[PDB]
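The structure under discussion appears below in the form of structure tokens.
All Cβ positions, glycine included, derive from the backbone under ideal geometry; neighbour counts span all protein chains shown. Please treat every number below as a calculation from the coordinates, not as lab data.
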Amino acid sequence: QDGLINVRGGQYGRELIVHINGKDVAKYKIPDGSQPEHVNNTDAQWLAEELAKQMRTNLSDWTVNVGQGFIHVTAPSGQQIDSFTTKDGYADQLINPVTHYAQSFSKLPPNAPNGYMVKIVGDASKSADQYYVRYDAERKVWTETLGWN
Amino acid sequence: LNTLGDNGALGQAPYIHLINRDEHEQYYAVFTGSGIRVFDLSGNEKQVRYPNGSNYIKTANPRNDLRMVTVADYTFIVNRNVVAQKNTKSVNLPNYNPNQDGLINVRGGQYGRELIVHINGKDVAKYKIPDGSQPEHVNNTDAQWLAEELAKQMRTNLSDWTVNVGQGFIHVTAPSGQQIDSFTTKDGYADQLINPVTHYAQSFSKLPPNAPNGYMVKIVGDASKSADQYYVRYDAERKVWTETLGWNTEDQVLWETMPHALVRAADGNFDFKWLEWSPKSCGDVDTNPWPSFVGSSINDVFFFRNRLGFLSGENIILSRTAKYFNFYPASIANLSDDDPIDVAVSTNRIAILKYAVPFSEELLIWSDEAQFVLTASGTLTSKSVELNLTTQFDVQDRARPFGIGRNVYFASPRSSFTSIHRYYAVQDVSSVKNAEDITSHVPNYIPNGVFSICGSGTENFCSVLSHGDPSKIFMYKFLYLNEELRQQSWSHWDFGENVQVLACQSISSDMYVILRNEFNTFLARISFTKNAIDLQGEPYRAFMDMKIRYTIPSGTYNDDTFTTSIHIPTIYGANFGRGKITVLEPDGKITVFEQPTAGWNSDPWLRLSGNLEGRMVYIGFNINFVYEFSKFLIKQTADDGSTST
Amino acid sequence: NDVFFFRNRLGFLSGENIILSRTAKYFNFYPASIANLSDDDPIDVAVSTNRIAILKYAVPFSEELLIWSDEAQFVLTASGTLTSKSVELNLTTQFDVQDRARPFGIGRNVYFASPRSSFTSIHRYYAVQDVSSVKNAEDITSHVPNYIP
């Protein structure tokens, strides 16, 4: 139903693309860097806002919220996210898609909406049992919690 | 109690097991060699359904080939003749070529670096990144632009191949006929820009960040931890790597070749089904081998340390902890104490394991010629499990050893007569067990063919059923005072010459017996009651066999002959062959009927003088009590209890 | 069927299972964490025999905890510290026990009833001298079998 889009920053000449449900809902080409003002367009928050407004126009009834270094995109009650990919051209350092599943605790998004629930799968390095973590916005920590449903 | 059917109702040599869950869940499951007939202890046939067929229970010798283990949750049925087989049809990725597919990670680019990909001896794509002089040269260093630029060159060079651009990677797929033989990429930046990704990775940290949905990678290992090679699969919609079963790997066994279960349904009837055995979920045939029972026959089913256990050949096959139907590890990457245990009994002689006997805070695995104690040093794991030969006593495999109190009774057949032994723990020694022949003074008493050993703890007896003399129930009466056998009484019970005893089990001093004469099969109960009559209104507890309470119906009395003739099959629902018949009236009048020369079946009538219509009577067969004294000779004892004549 | 205490845990007897709570937390029958395994985690294991064994009573006897069924007696131990892995249920004896009357311990002995068809036998459960770990039950009503209805 819900997903996150971390925005760690930008690099010159990199095309920021987010792909949802078979469509490229938002595409932004970062300026080449010739002009001095091009360093203003590499700011993560500016990129997050720029990608969000394109997503809002493409996804009419969806809910798109810009957080601290991330984009919170929520499908309406009827719909859901079926395909969720982001392309940045910088080996996922600029933007990466965040689902409700993470490989490990270190792979959790640095910032998330309050109460965001992530299932930790495991790195297949220790005898592992999958568990759940919830983000505390006012505490800025991830705490193990009961699973959903 | 009831008549179960005709003489052949339960087959020639049925295997009969008592299911005793609660006060209202008492049943016999009779395995006749062609099906299961279930009777409650009142004698009412329940229905046994076969959703998955009855081929598992079809055998010539149910006693030799079928074993029944009942616990609170399940009733397992194992056929000792059926060989467990693996499901060769169920293959994960049935025809998988690791060299068929490949990936090309594109993490970015750097100025002045020549991107080269080399496939099958040819440079299928070559791109020189611009030197960086022009401002737009930073557009040519984008990974997706680089991924697309190489892909179109790959498509032109590799005409029939499939080249797809993913998120930071290039997915190149060979056609069905072809495959990737040489797969190298050159970027000139220490593999930071592009690196080739095959279906093998050194470790988990070396997995590609993004892959197509379901991409399968085998993890070899960093040679830093004791490592077992495992497989991972990428979930595109979840963006995680999960351990999975290897490619070209068979995961399931044929459930029809595996032990079955008998389950009571809601309607009070029973269903004979297979069990849903969990398949292999990780590894391959090498890392996750088939259990030892595969290709062999399971001889026994048991439970130890919250695991399900099998006895197959010389091996003990324990399931995963708390998961009875799973005989495979949860993970191959990591070793868990919960992993299933598959070890063979380790002796210098042939030892096929037939029974698992829980005895004296230990689990004992019994073979024909040897007994083993299944122990573990510390917690029971695959490494910790130990099978130590404790004793070497011959044990008959038809009759499961029977435990009463501190003792386990088993049969050891000889050439002509069966020796019954008591398995016990020696008092002084910490870990020495012993078997004592309790039939040493009667070695030629119980004929060979012992198929049932039973008894009652409350009544302090052990009963042996042998097919050498089917008419007899051999009774071992014992008493224990201060760790001493104060009573050792061997005798037998007889119910008729043509009568055969198929099963007899005790439930708190009530002994429910299945008997079979030459016409019918019966259910009957022996109760060790002190001063209680058996049937309502009886003048006294009459000592008769096949004792029944009968109200004489109308029309039986014939005034032309002045006799009330009752019809024995009307009374019992069954015919009889021989034996004196006694009719007991409530006032105490007894009329005895001798056998007709042809038998009771030829003339199944009891002619009682006068009109007895509407009167309740008590019919039974006279019990022939025999006791022969030993010769009245002078008996002396020594300082000890040893006797002399 | 029964409530008992063992190694600072609350215990239940249900069917053929022993359900021990979390250590020092009697009303918690769930692990504190799924990400990590703790020795304090609750223990839920079944008695492992080839015969039906419904557990009715938990009898503390002779430096051990005895789990009593209608037809068998089990010694609840652990190899080392009592954890989920180390817990063992070992059949020590097979004596018929009435489930209406809880076994009564006096001194070194435990007394219990075993009903017969018409009169009840009372037995004394005790430890044998020579053997390290063999327990026994002796009928103290052997000379009066038809005395207690």
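Of interest is the spacing of the C-alpha centroids, which for the stretch B:377-428 and the stretch B:485-558 amounts to 33 Å. Across the stretch B:214-266, Cα-Cα pairs more than 13 Å apart make up 72 percent of the total.
For the protein assembly as shown, taking Cα atoms only, Rg and Dmax work out to 38.2, 135 Å respectively.
Residues B:290, B:241, arranged from fewest to most other Cβ atoms within 10 angstrom of their Cβ, appear as B:290, B:241. Note on the stretch B:232-389: along the principal axes its Cα atoms extend 57, 46, 28 Å, ordered by decreasing extent. Positive end of the dipole of the stretch B:178-281 (Cβ unit charges, origin at the Cα centre): among B:196, B:277, B:231, the Cα lying farthest that way belongs to B:196.
Residues A:49, C:71, B:276, arranged from fewest to most other Cβ atoms within 10 angstrom of their Cβ, appear as B:276, A:49, C:71.
With coordinates expressed along the principal axes, the C-alpha atoms belonging to the stretch B:363-490 extend over 50, 33, 22 Å, beginning with the largest.
Considering only A:41, A:96, A:11, the residue lying farthest towards the positive end of the dipole of chain A is A:96, judged by Cα position with unit charges set on Cβ.
Which net charge results for the neighbourhood of residue B:69, defined as the other residues with beta-carbon distances under 12 angstrom from its beta-carbon, given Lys and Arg at +1 and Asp and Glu at -1? Around residue B:69, the surrounding residues sum to +1. Distances between placed amide hydrogens fall under 5 Å for residue B:542 paired with B:534, all partners being 5 or more residues away or on another chain.
Scattering from chain C was approximated by placing one identical point on each alpha carbon and applying the Debye formula without solvent; log10 I(q)/I(0) at 0.10, 0.12, 0.20 1/Å stands at -0.38, -0.54, -1.23.
If you line up the long axis of helix B:143-157 against the longest principal axis of chain B, both from Cα atoms, how many degrees apart are they, to the nearest 10? Taking the Cα atoms of chain B, the angle to B:143-157 is about 90 degrees.
On the beta carbon distance between residue C:35 and residue B:220, with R0 = 25 Å, the FRET formula returns roughly 0.40. Among the residues of B:622-629, the average count of other protein chain beta-carbon atoms within 10 Å of the residue beta-carbon is 0.
Figure legend: label point modelled 7 angstrom from the Cα of residue B:229 along Cα→Cβ; residues of the stretch B:197-218 with amide N under 14 Å from it are B:199-203, B:217-218. Here, the stretch B:95-230 has an Rg and a Dmax of 15.6, 53 Å when only alpha carbons are counted.
GNM remark for chain C: springs join alpha carbons under 10 Å apart, and the peak mean-square fluctuation among C:130, C:70, C:40 falls on C:130. Exceeding 27 Å between C-alpha atoms, which entries from my cross-link table qualify? They are B:239/C:85; A:27/B:239; B:225/B:280; B:152/B:186; A:87/B:126. Checking Cα-Cα distances, B:239/C:85 exceed 27 Å. Dipole size of the stretch B:343-488 about its Cα centre, with +1 on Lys/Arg Cβ and -1 on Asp/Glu Cβ: approximately 280 debye, rounded to the nearest 20. Placing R0 at 60 angstrom, the Cβ-Cβ distance between residue B:164 and residue B:434 gives a FRET efficiency of 0.25 after rounding to 0.05. Report the calculated FRET efficiency for residue A:117 and residue B:322 (r = Cβ-Cβ distance, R0 = 41 Å), to the nearest 0.05. Rounded to the nearest 0.05, the efficiency is 0.90.
The calculated 222 nm mean residue ellipticity attributable to helices in chain B amounts to -1000 deg cm²/dmol, summing -39500 (n - 2.57) over DSSP H runs of n ≥ 4 and dividing by all residues.
Summarising the amide proton neighbourhood of residue B:278: residues at separation of 5 or more, or on other chains, whose placed amide H is nearer than 5 Å comprise B:326, B:327. For the stretch B:62-69, backbone phi angles converted through the Karplus equation (6.51, -1.76, 1.60; θ = phi - 60°) give residue-by-residue couplings of x, 5, 7, 9, 10, 10, 10, 10 Hz, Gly and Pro being listed as x. Placing +1 on the Cβ of every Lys and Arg and -1 on the Cβ of every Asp and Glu, with no other charges, gives the protein assembly as shown a dipole of roughly 280 debye about its Cα centre.
Pick from C:35, C:78, C:127: which is most flexible by mean-square fluctuation in a GNM of chain C where alpha carbon atoms under 10 Å apart are linked? Most flexible of the set in this elastic network: C:35. Placing one equal scatterer on every Cα of the stretch B:307-391 and applying the Debye formula, the log10 ratio I(q)/I(0) at q = 0.11, 0.13, 0.18, 0.24 Å⁻¹ is -0.29, -0.40, -0.75, -1.21.
Its Cα centre serving as origin, chain A has a Cβ charge dipole (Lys and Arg +1, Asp and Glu -1) of approximately 140 debye. Each residue of the stretch B:302-314 was assigned a 3J(HN,Hα) from its phi angle through the Karplus expression (A = 6.51, B = -1.76, C = 1.60, θ = phi - 60°), giving 8, 10, 8, 6, 6, 10, 7, x, 10, 10, 10, x, 9 Hz with x at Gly and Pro. Scalar couplings 3J(HN,Hα) for the stretch B:410-424, obtained by applying the Karplus form with A = 6.51, B = -1.76, C = 1.60 to θ = phi - 60°, are 9, 9, 10, x, 10, 4, 10, 9, 8, 8, 9, 10, 10, 8, 8 Hz; x denotes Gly and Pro.
Close amide-amide hydrogen proximity is noted between residue C:111 and C:104, C:105, C:106, C:125, each under 5 Å apart and 5 or more residues distant or on a separate chain (H modeled in the peptide plane; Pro and chain starts excluded). Spacing of the modelled spin labels on residue A:148 and residue B:47, each 7 Å from Cα toward Cβ, amounts to 4.6 nm. Compared with the dominant Cα axis of chain A, that is its longest principal axis, helix A:44-58 is turned about 90°.
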